[PDB]
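Any value given below was found using the heavy atoms of this structure, including those in side chains, with hydrogens, waters and symmetry copies removed. So that the names make sense, note that chain A is the first sequence line, chain B the second, and so on, each numbered from 1.
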Amino acid sequence: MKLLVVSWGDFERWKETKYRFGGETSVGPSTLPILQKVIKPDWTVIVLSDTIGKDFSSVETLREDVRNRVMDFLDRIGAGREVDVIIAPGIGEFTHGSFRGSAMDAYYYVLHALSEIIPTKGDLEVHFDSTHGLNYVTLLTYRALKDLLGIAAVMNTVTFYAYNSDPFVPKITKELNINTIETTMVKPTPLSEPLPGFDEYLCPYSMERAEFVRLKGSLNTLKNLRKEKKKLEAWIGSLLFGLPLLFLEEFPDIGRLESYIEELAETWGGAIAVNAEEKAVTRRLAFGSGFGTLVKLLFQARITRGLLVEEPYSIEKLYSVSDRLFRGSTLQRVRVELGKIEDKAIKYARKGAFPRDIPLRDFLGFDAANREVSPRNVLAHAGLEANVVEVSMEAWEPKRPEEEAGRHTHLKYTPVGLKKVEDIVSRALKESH
Amino acid sequence: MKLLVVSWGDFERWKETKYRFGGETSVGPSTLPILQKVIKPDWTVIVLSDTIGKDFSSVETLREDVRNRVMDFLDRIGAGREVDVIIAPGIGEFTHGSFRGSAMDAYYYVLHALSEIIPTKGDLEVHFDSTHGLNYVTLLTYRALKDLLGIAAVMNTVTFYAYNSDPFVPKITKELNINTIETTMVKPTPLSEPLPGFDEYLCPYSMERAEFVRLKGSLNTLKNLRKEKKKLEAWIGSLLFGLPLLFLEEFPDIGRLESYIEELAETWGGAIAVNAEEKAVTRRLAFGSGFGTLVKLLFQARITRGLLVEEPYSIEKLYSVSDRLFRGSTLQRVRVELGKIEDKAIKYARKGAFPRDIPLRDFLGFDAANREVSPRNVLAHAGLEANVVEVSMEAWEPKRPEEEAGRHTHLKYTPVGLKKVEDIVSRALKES
DNA sequence: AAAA
DNA sequence: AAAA
């Protein structure tokens, strides 16, 4: 899958010129048709400001205005119609109207928008054109694009290209070259944020104290997230710290996450007052970092959902999950920890012993010296700490126990053990931020 | 230490407006004084396109012309004397001149320029303004800033703020708000890319390929990296994978890296052909990714230079280094591995035993026929693998061995061991 | 806790 | 809001 994103300003104010790209040449007011010809994308994404709209009779009338205007422009230029248009919440006081709100709303809106567009299965080749864009929309789109591709890179190969044209001077210009200003193999960056406090999901921009308190107080998200917070932070830490069993046991509910993001996005959408007479759009609620963290969390869940399996978790399963999620010394320490339990399972099996629901400490034959559960031992042993994990060997007739022990040996956090791991991994994720 | 960086285009064509920022107000043509007034920066940086240069005699009368007119404009609105001015190489075909070259040369030049300005000690509060910026220069300056602060974040606390004002619209404009577009705690990202092939340090933009090969041949830098490439990638791997002994032993020569960069820099600049009559700059050499990696490598070395402790490398010193350099699970892995060697060294000290110049396998007491050095065992055991490391205990009169053993127990790689580790860590960094 |  |  190849993906072309373009940051656009006011497209009706652009001059006809000549564009050079990949040896091909193009006459027109936009870089898009030559970008599509050369790159041949599987899908195109256009990101432009809300401020281009010229109708204030409704918020949806303001977006059907801007959309139709873009649909005309794509016909004027040789551009296709396989396109998604993201109408981002823009700021300022213009000749044809006024738009107030948090400037950071565009980041959270575009992040949320791109989250539902960027494919969650297979490799990504992403092309970003900034020739036509506004400074602050372009930077926040670049940032929102990168942050998601960083989570995509955990499971899949992600190459990122960025283009800007030669600068346009009124009449000195004859041909503009479309230059590659970036070419990057996106590094895998799993989410390393804790869920923030319940002030930083939706904030009041221009709203009376009592009215905001009623909206905030009405949200199912904040009520639910209060109790679900620790487990989601335990899962976030599972990817970051190299804990393959906690990844599986703490895999989040995608439906519930989808529910939280739609609820907040809708409260924000509904809190936009479009004053039809005096041509003013006021976004009376602003998105917080908490909304951003949730969007990223659900994206990481979608990216990695294919690894999840049913409740009996074998050492062979933890091996394969680990080889996908982890790299470098994190991966190799996990393989050594699974290896030590595997090699012990093999010894038991040679003797015709198949222990069931036994603590890992009793499985590996530890001393009675330490039963306390430290962050040191939890983090250092890929979360397979001796005092929290329970082991069960399903019985079989061994002929080559070296290769069949892995499938028949299962690991499980004790109900007490899981809560000790949750506290440690949650606290460590919050202390590392 | 608070830092302020601003992205500027053509600073003359801006009109008088007033600005609102953080419970203050200001009148003038740029946001810099009201930013300085609220932010209270210990230093200011200004990144410009060199395309605004008018007098074309040669390169020093372009970086003069622009620095002249920047310093005139900074007297007009009282920006003070605490300012650094980066005249980044721009491209295009303009009213008063023509600048040709690679679009990406601005990134590497600003990266290089920023690598020498940004403090390499103490916490950082970086403030960034995109109000006045060109499209590409602002985007590359932003990326250049983030790439360096990510490495700075390894050792210090780095908070980053970005600003862009309400859009200046000439009719119906009363006052523009300085909007905060970004506020983030910068995540520690240690350098995680190998040094490339000796192709991609300088590339010919507009140089006949026979001339480039001649020039690439006269560079001492590429001939010196030929040797060092592996030993430097091993050091890069040391930070990324949590290998504290390899970090100390492979610690790069800063004076030497300084001389590589300055040579690649002054070579690039010496291949800029200015033509006074045609009014045309041409940057015949382009900066490659290899130049960027060397600047980032040097910056990471400056950031972590304080940790290069005096020899020999004791368990106590390795703990101290590790406690500063590593986080999360990687730190605990390293602490557990130093704890294994420490606890053994205590058991030895109790019996009155102080082994000297002993392989770590013999120190820990290992079976035969596990002498093959696997990537698995080097990366998984904080690079302290039993077949590559040599332990020494300087004999002492113990009183509390549990406290004393850490100081008196030294670790080093065997001459053969270090090359296998270098090979393993270099290879692991390339598969990335 | 690698060959507690 | 193709160099506020």
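Using a 4.0 Å heavy-atom distance criterion, B:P170 is classed as making no nucleic acid contact. Looking at heavy-atom distances under 4.0 Å, A:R333 makes contact with sugar-phosphate atoms alone, never a base. Residue A:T51 is classed as a base contact, given a heavy-atom separation below 4.0 Å to a base. Residue B:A380 is classed as having no contact, given no heavy-atom separation below 4.0 Å to the nucleic acid. Heavy atoms of B:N135 sit nowhere under 4.0 angstrom from any nucleic acid atom. Here A:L176 lies in heavy-atom contact (under 4.0 Å) with a base. Among the heavy atoms of the strands lying under 4.0 Å from A:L384 is at least one base atom, whether or not backbone atoms are also near.
Look at CD1 on A:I341: it is 12 Å from P on C:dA2, rounded to the nearest Å. At whole-Å resolution of the value, CG in B:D50 and P in D:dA3 are 18 Å apart. Atom pair B:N370:CG and C:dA2:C1' shows a separation of 10 Å (rounding to whole Å applied). C:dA2 atom P lies 15 Å from atom CD of A:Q332, rounded to whole Å. Taking atom CD of residue A:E337 and atom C1' of nucleotide C:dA3, one finds them 14 Å apart after rounding to whole Å. Between the CG atom of B:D362 and the P atom of C:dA3 there is a distance of 17 Å, rounded to whole Å. Counting to the nearest Å, the P atom of C:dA2 and the CG atom of A:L338 are 14 Å from each other. Atom pair A:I172:CD1 and D:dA2:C1' shows a separation of 13 Å (rounding to whole Å applied).
Not counting sequence neighbours, A:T141 has no partner by the side chain to side chain donor-acceptor pair (under 3.5 Å) test. B:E337 meets the salt bridge (charged side-chain N to carboxylate O under 4.0 Å, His left out) test with A:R333, B:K340; sequence neighbours excluded. Remark: B:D65 pairs with B:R69 by the salt bridge (charged side-chain N to carboxylate O under 4.0 Å, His left out) rule, at least two apart or across chains. Listed by chain and number, the residues in a ring pair (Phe, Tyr, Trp, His ring centres under 6.0 Å) with A:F99 are A:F56 (sequence neighbours excluded).
Of the two residues near DNA chain C, A:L360 and A:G365, the one whose nearest nucleotide lies more 5' is A:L360. When the nearest nucleotides of DNA chain D are assigned to B:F168 and A:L134 by heavy-atom distance, the more 5′-ward of the two goes with A:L134.
One side chain, B:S7 or B:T138, offers a donor N or O that lies under 3.5 Å from an acceptor on the other.
Listed in residue order, the members of residues 12-21 of chain B having a heavy atom less than 4.0 Å from DNA chain D are B:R13, B:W14, B:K15, B:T17, B:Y19.
OP1 or OP2 of C:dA2 has not a single side-chain nitrogen or oxygen of B:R376 nearer than 4.0 Å.
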Less than 3.5 Å apart, which donor and acceptor atoms pair up between the side chains of residues 382-390 of chain A and the rest of the protein, not counting sequence neighbours?
unit_1 : atom_1 : unit_2 : atom_2 : d
A:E385 : OE1    : A:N387 : N      : 2.7
A:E385 : OE1    : A:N387 : ND2    : 3.4
A:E385 : OE2    : A:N387 : ND2    : 3.0
A:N387 : OD1    : A:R361 : NH1    : 2.9

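For A:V336, the listed nucleotide lying nearest its side chain is C:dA2; candidates were C:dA3, D:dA3, C:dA2. The nucleotide whose nearest atom lies closest to any side-chain atom of A:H132 is, among C:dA3, C:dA2, D:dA2, D:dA2. Comparing atom distances between the A:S165 side chain and each of C:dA2, C:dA3, D:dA2 picks out D:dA2 as nearest.
Contact annotation: the side chain of B:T31 approaches that of B:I178 to within less than 4.5 Å [non-hydrogen atoms, C-beta and beyond].
By the 30° and 60° cut-offs, the orientation of the rings of A:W14 relative to A:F11 is perpendicular.
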